[PDB]
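Mind folding the following:
(chains A, B, C, D, E and F)
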Amino acid sequence: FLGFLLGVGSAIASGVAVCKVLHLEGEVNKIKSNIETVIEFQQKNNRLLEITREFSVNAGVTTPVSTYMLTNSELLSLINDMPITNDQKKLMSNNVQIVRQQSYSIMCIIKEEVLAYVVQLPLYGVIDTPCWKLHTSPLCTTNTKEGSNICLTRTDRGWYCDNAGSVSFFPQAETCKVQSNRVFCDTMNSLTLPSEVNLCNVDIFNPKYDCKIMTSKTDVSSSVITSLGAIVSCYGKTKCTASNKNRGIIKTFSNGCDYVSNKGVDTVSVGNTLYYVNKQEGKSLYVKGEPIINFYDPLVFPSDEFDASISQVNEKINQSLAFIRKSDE
Amino acid sequence: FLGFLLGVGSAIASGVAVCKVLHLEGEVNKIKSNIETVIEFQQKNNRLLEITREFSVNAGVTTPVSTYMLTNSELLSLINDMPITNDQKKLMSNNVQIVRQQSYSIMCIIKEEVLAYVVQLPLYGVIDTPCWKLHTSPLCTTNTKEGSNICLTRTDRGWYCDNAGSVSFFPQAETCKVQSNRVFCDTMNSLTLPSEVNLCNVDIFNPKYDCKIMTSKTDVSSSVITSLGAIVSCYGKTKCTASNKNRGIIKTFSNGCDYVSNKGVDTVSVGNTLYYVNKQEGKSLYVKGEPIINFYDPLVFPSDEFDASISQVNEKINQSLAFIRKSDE
Amino acid sequence: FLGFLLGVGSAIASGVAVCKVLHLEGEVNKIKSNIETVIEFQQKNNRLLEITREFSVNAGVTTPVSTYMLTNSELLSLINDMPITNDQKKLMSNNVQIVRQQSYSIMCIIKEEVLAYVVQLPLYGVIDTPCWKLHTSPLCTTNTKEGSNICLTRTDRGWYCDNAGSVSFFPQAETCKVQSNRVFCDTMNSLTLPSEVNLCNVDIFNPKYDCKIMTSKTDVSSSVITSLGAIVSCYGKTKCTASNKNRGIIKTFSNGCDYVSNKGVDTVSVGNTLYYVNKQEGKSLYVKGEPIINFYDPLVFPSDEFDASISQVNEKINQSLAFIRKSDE
Amino acid sequence: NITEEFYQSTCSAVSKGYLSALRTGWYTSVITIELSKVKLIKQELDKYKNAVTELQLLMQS
Amino acid sequence: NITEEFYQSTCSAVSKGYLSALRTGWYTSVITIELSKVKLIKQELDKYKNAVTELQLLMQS
Amino acid sequence: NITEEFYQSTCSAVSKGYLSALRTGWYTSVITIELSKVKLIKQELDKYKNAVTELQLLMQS
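Numbers count the residues shown, from 1 in each chain, chains lettered A, B, ... in the order given. For reference, the structure is listed below:
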């Protein structure tokens, strides 16, 4: 949700900056047969046509960088001469398709005698720090009355990574790429948070960090597929089940927010939507606890807070409560 | 608007799940010339290069599935052996490019002796059920005073389809694909609603379903191109017209929300924006009625409800009204 | 932000409309060797395969229009026969890759004897009118107390262009394309505003136009890379600096919202995010003035207005103020 | 037979007459590829090795 | 001549000096394609038939 | 070693055990291309000119 809090940058500002320098020194110096032969030329020229093809349909800026722009050999050579950690080099070599996805190719100059373009490669200054992905889903009451239901949703979902004494937070987990247990992310799509942001997971009413939520009265049902299971927010009259591939339905969810692990579960159905759970191996822990939505009185609960927080919602309740208490008198 | 209410799934969780099984049985068994010849090899190898090309720039997961990944012949063979309805088979055969767009190709293993990848095809369990597309546009007052205008917008726009006794609702109509009168959608981008959700179209103040709206005081002008016409929300000093291609301007809209059908209308201009109306054949019906925005008093109207509803906005007014009535006394 | 205020159109409604006419006249008339030879055929057929390839993976509608769909020569011919200004012709000729990006190719009919598709080219009716890009960033207090901070953000960021006595406003600056000092935009992604909208830049409390803002208590840090510099919103404990490539850090930002020009500045770091500033040449002006967020009392400030305005926030304060003043008595 | 209704009272319109085709499930199939003028064969066999090599690189760690 | 102004009071900046090029309309043109060592011609004529066939499939119902 | 915890009280789950690989910077390198049966060479040299020409068009004004 909180993707709108992100800053705004110029993605190719560095490569374009380099491109502008090549123009300057241009003006700065601007001052006072065989069949094997046929094959090699088609091979070399093919590449030129493909590079030209990519530039012409992308208006001169391409991403990802193709093997036509930069062959695996040229890329590996670049990687070897970067001033980086051998683990940074090794990281990039084993994930060359991802490096490719995070690179830009920017068309620069074509003087009739020389064609030049700038290749902007990612450099990963943060490696092997712990990351965690936070999944959230709407938490509503299990009330029998139709309308007048209250809901609450943590809005701080996304990837979190240790980074330089702080936490890089990626509100749009979609910006992150996952290879086994490795998380490839771009810091340009992140916020920098204090390590205390993690307190929202253990104690959502904690004073050190103001945990973010949104409120509503839309008690609609859905599911969130996690890394090792599935969260099911089942409300109203929605049919919510969890099934196994050979055995069939193995669990029926009641109204409220619940969870099932992917161990022995293949799919999850919420309403008319079938979700396949992720089949990755790993252990899941169910932490029991009362839904905090039950602690609130639906009559003074601010039900349209798009960007609020736990204490902010609470203080808004006190103001509404103060209006009442000092009235009867 | 209500796309943020949607759940979160793993799109290739099923194919990846299959991919992981092929690794397991890998370890499980891991226990104790002519010119016609030249042409056929280039034809076969070309395909390998193209498959490799697609996988290498998409980091091993491709969509749509190209004819290189799966030829029309191989695809049709698959379709024939799926346990599905002959109408499901026939549906897929006549719309193979769409099936292709809804399929994934996931790179799996390359043991030096065998290359394998998983193809994830869509299966359409819901066919030939009635669908309807709901279009909405801001409804504001036709007041002479500049600021202090009130607005209202139904936020429940999108595709609705009968599905298993309920309605599959697609908040982002953009997720749906339209071929003539056929609507191709993905249930992963939908909410499951009671059939009573349709009551919002006939009686927006109905008690059975709480119709969704948003309020504001931003009385800005725009148009929504529908299937058979165009909705024009014209407010302030905006020039809003409807024109015919040969004849020219054939209608000038007054302030408020109006509509013109595409029969004999080619374009619609609202401010500096020219919209071409859809030219599909079909009949349009204009249902007269007072804009419900006129029923509200601009002085107690909650003008910043991002996710509210008709009754929810109304009850918020009563609370504001109760604050007043019990004051003078 | 205000992209949700935009109208909804059918992008290929005009080309599809043309496509439907070619079907009609279909039914209307439906009433009572050498090696140089081998090379030319492969050249011509290659193009057919590429056109077919693009149509088959895009379900018959392609954008941008490739050189396979329309060669540079055919495109230039089209441009020459359009009823347009020589400057409109000249504009399109020097930016053919952009014209290409703004064009659609729509597959129409394939009668066994003739293959036909419609090419939808952009026509630019507005050229060489002044444009300006508005950049905005959250404005929060520089308060020592942790929570209870107030924030304000202008939500009217984007491109503005003079157009027909009004201003075409592009809320999603991402919809615009920049080539040197030329701004390529689509009017379909715009709102039409009075020229008085510019008053929000000089006097945000002006009566002629109601300047748009959003409020919150989320005092999170970020930066916005502008055309000629960088805005830095630094709050809390975030490390915010501006650096030069050879020299290193040349400026450390204090808490609040500040700005540095790109002249002599290469990068900006806010928290864990490094931004490269744009290196374009041009002059920057720093206009000093008190942050208007300081004029507000954090105790009666509406801190969750998602779509409000300056006067709208102010009037909401007066209502809260009136509740108090008429109470003690 | 597609029809459309406009409601002046709520500024909305409904287009009816469409038929559904919703993706509800997945069918997964496994595709396998069997791996192993004269000069022309050489450059094609080299192309083959870049493809196998390129595929070997993406399937790394 | 591009200039920029920063307003400290409202945390915003304006970049001026740009010239517009807005798409306001469409020009539609209709493109038509006329349809109908020796071994080399054969594989190319086969390529032709997959293209016509593939186009025939997308234009279905 | 990937683990996951579900919190019933707040309807949320945390997946731990991942290792980071964040893009923090850019490495820019400059790539240059040096520019200048018989009939077969001709159509390839023509292809070359469309590529140089096409590149010349995008680098316009």
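
What residues does the residue in the stretch 201-329 of chain A positioned nearest to chain B make contact with?
In the stretch 201-329 of chain A, the residue that lies nearest chain B is residue A:271 (2.6 Å; Cβ to the nearest Cβ). Quick note: C-beta positions are derived from backbone N, CA and C, even for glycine. Residues in contact with residue A:271 (Cβ atoms under 8 Å, 6 or more residues apart in numbering or on different chains) are A:221, A:238-240, B:166, B:191-192.

how far out from the middle of the chain is stretch A:233-243?
On the basis of Cα atoms, centre = their mean, to the nearest Å, stretch A:233-243 sits 27 Å off its chain's mean C-alpha point.

Go through that stretch and flag the buried ones.
A:233-235, A:238-243 (16 or more other Cβ atoms under 10 Å in any protein chain shown).

ok so, going back, pick out whichever of the contacts of residue A:271 sits closest to chain E.
Nearest to chain E among the contacts of residue A:271: residue B:166, at 28.3 Å, using Cβ to the nearest Cβ.

just checking, the closest one touches residue B:191?
No - Residue B:166 is beyond contact range of residue B:191, at 9.7 Å (criterion: Cβ atoms under 8 Å).

For those two, indicate the residue with more neighbours.
The neighbour count for residue B:166 versus residue B:191, taken as other Cβ atoms under 10 Å in any protein chain shown, is higher for residue B:191 (28 against 19).

List the residues that contact the spatially closest residue to the more buried one that is not a sequence neighbour.
Excluding its sequence neighbours, the residue lying closest to residue B:191 (Cβ to Cβ, 6 or more residues apart in numbering or on different chains) is residue B:169, at 4.6 Å. Residue B:169 is in contact with B:156, B:158-160, B:190-193, B:197, counting by Cβ under 8 Å, 6+ apart.

Then residue A:235?
A:140, A:142, A:149, A:219-221, A:255-256.

can you tell me which two in the buried residues of stretch A:233-243 are farthest apart?
For the buried residues of stretch A:233-243, the maximum inter-member distance is 20.1 Å, found between A:235 and A:243 (Cβ to Cβ).

Helices along the chain, start to end?
No chain specified, so I'll use chain A. A:13-29, A:35-57, A:72-81, A:86-94, A:96-101, A:199-202, A:310-328 (DSSP state H).

nope, chain D please
Along chain D, counting by DSSP H, helices occupy D:38-58.

Longest strand of it, counting residues only.
Determined from DSSP state E, the single longest strand within chain D is strand D:12-23.

follow-up on the earlier one: what is the nearest of the contacts of residue A:235 to residue D:61?
Using Cβ to Cβ, residue A:221 comes nearest to residue D:61 of the contacts of residue A:235, at 39.4 Å.

quick one: that closest one and residue B:192 touch, right?
Yes - Residue A:221 sits in contact with residue B:192 when judged by Cβ under 8 Å, with a separation of 6.8 Å.

shared neighbours of those two, anything?
Taking Cβ under 8 Å, 6+ apart as the contact rule, the neighbours common to residue A:221 and residue B:192 are A:238, A:270-271.

For residue 17, list the residues it contacts.
Just so you know, I chose chain A. C:266, C:276, C:278-279.

try again with chain D
B:130, B:181, B:282, D:1-3.

Skipping its backbone neighbours, what lies nearest residue A:74 in space?
Using Cβ to Cβ, 6+ apart, the closest residue to residue A:74 is residue F:31 (7.9 Å).

burial measure for that neighbour, as a count.
16.

Then residue A:180?
10.

Next up, the contacts around the residue in chain D sticking out farthest from the centre.
Going by Cα atoms, centre = their mean, the residue of chain D most distant from its centre is residue D:9, 43.3 Å out. Counting by Cβ under 8 Å, 6+ apart, residue D:9 touches B:204, B:287, B:289-292.

Out of those residues, flag the one nearest to residue C:11.
residue B:287 (28.2 Å).

ok, now how distant is the closest residue to residue A:165 other than its chain neighbours from residue A:213?
Among residues not flanking residue A:165 along the chain, residue A:195 sits closest, at 7.5 Å (Cβ to Cβ, 6+ apart). The gap separating residue A:195 from residue A:213 is 20 Å, by Cβ to Cβ, to the nearest Å.

Compare the two and say which is more crowded by neighbours.
Just comparing residue A:195 and residue A:213: by other Cβ under 10 Å the higher neighbour count belongs to residue A:213, 25 against 12.

partner residues bridging the residue in the stretch 151-300 of chain A that chain D sits nearest to?
Closest residue of the stretch 151-300 of chain A to chain D, Cβ to the nearest Cβ: residue A:274 (6.1 Å). Counting by DSSP bridges, residue A:274 forms beta bridges with residue A:269.

OK, contacts around it?
Counted by Cβ under 8 Å, 6+ apart, residue A:274 has contacts A:267-268, B:187, D:24-25.

can we see that at 7 Å?
Residue A:274 sits next to A:267, B:187, D:24-25 when contact means Cβ atoms under 7 Å, 6 or more residues apart in numbering or on different chains.

Neighbour-wise, give me the winner out of the residues you listed.
Within those, neighbour counts (other Cβ under 10 Å) peak at residue B:187, which reaches 25 neighbours.

roughly how far apart are that residue and chain F?
As defined by Cβ to the nearest Cβ, to the nearest Å, residue B:187 lies at a distance of 23 Å from chain F.

Is the closest residue to chain C within chain D bridged to anything, and to what?
Nearest residue of chain D to chain C (Cβ to the nearest Cβ) works out as residue D:13 at 11.3 Å. Beta-bridge pairing for residue D:13 (DSSP bridges): residue B:135, residue D:6.
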